[PDB]
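# Residue-level structure breakdown
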Amino acid sequence: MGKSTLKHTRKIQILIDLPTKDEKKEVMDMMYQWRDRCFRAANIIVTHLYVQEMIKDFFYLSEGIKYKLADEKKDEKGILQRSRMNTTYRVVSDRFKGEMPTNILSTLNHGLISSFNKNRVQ
DNA sequence: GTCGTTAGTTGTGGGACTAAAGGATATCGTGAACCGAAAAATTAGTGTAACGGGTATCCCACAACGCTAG
């Protein structure tokens, strides 16, 4: 069956449901920290998904090697030790865990790794 | 005999002359010379290119997951 839906987005205002000011402020500061960690994360993922392609290019300029993004346990020419999205998610979680939730990391990882493969041509 | 009055001319001046349509004209004669006025035309003079961050907008492409284990 075809897609019988069209994606849509709505803006819902939310207040923090706490009695006192200090708890609300603690939650709001935690969420601002979440913002900062998310942006630093996005930077880390994009750098870490740039570098390896240029390592591929380096090897190809060395001996025309056909190195490709795949787990070496599943590919002879693979260099990665796991799935690429897992590599970015790991290299961001190992540093930013315990401060902001990991679902933000997973969503950001998917959102950037999906687009970067399309941007490979450019 | 003479002077004002009245009526009847007599000459002279001012005012009329359907309605409807249409509706073209041609218009001489010559004396000079200098000064002033304003309206017009010609001429003389000055010139950019990219750059730093930071941020307002545009076009243009893509995303907006699903499953398993502690």
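Scroll up to find the structure this text is about.
Positions are assigned from 1 on a per-chain basis following the written sequence, which can diverge from the numbering of the entry; residues without coordinates are not listed. Think of it this way: whatever chain is written first is A, whatever ligand is written first is 1, and the rest follow in order. Only a portion of a larger assembly is shown here, and every reported value applies to that portion alone. Excluded from the side-chain calculations are hydrogens and water; all other atoms, namely the structure's heavy atoms, are used.

### Concerning the packing of aromatic side chains
So the rule is basically this: Ring geometry is summarised as follows: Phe, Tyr and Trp rings, the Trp one being its six-membered ring, pair when their centres sit within 6.5 Å, and such pairs are stacked at plane angles under 30 degrees, edge-to-face over 60 and tilted between the two. The rule is simple: take the accessible area with a 1.4 Å probe, protein chains only, and divide by the maximum for that residue type; under 20% is buried, over 50% is exposed, in between is partly exposed.
Applying the stated criterion to the full structure yields two aromatic pairs. Arranged with centres 5.7 Å apart and planes meeting at 80°, the rings of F58 and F59 form a pair that is edge-to-face. With a relative accessible area of 52%, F58 lands in the exposed category. Pairing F59 with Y67 gives two aromatic rings, centres 4.7 Å apart and planes at 65°, and the pair type is edge-to-face. Of the residues examined, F59 reaches a relative accessible area of 28% and is grouped as partly exposed. Among the residues examined, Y67 registers a relative accessible area of 31% and is labelled partly exposed. Of the aromatic side chains, those joined through ring pairs into one cluster are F58, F59 and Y67.

### Focus: the nonpolar core
Here is the rule we go by: Definition used in this section: a nonpolar core is a set of buried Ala, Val, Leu, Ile, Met, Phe, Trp, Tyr and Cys residues joined via side-chain atoms within 4.5 Å. Secondary structure counts use DSSP, requiring at least four H or I residues in a row for a helix and at least two E residues in a row for a strand, with both numbered from the N terminus.
In terms of nonpolar packing, the biggest core is built from 11 residues, these being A41, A42, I44, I45, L49, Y89, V92, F96, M100, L105 and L108. The set of elements that each furnish at least two residues to this core consists of α1 (21–63), α2 (84–96) and α3 (102–119). For this core, the element with the highest residue contribution is α1, accounting for five residues.

### Focus on the protein's contact with DNA strand B
For clarity, the threshold we go by: We define proximity as follows: a residue is near a molecule or strand when any one of its heavy atoms falls within 4 Å of that partner. For the purposes of these results, a polar contact is taken to be a pair of N or O atoms within 3.5 Å, where, inside protein, one atom must be able to donate a hydrogen and its partner to accept one; residues adjacent in sequence count only when each atom of the pair is a side-chain atom. Any residue that is not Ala, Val, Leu, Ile, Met, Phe, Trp, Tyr, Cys, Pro, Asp, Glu, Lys or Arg is counted as polar, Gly included; the first ten are nonpolar and the last four charged.
Neighbouring DNA strand B are the residues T9, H110, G111, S114 and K118. Near the protein, within 4 Å, the atoms of DNA strand B are sugar or phosphate in 70% of cases. At 3.1 Å from a phosphate oxygen of DNA strand B is found a side-chain nitrogen or oxygen belonging to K118. When its residues are assigned to classes, the surface near DNA strand B shows no nonpolar, four polar and one charged.

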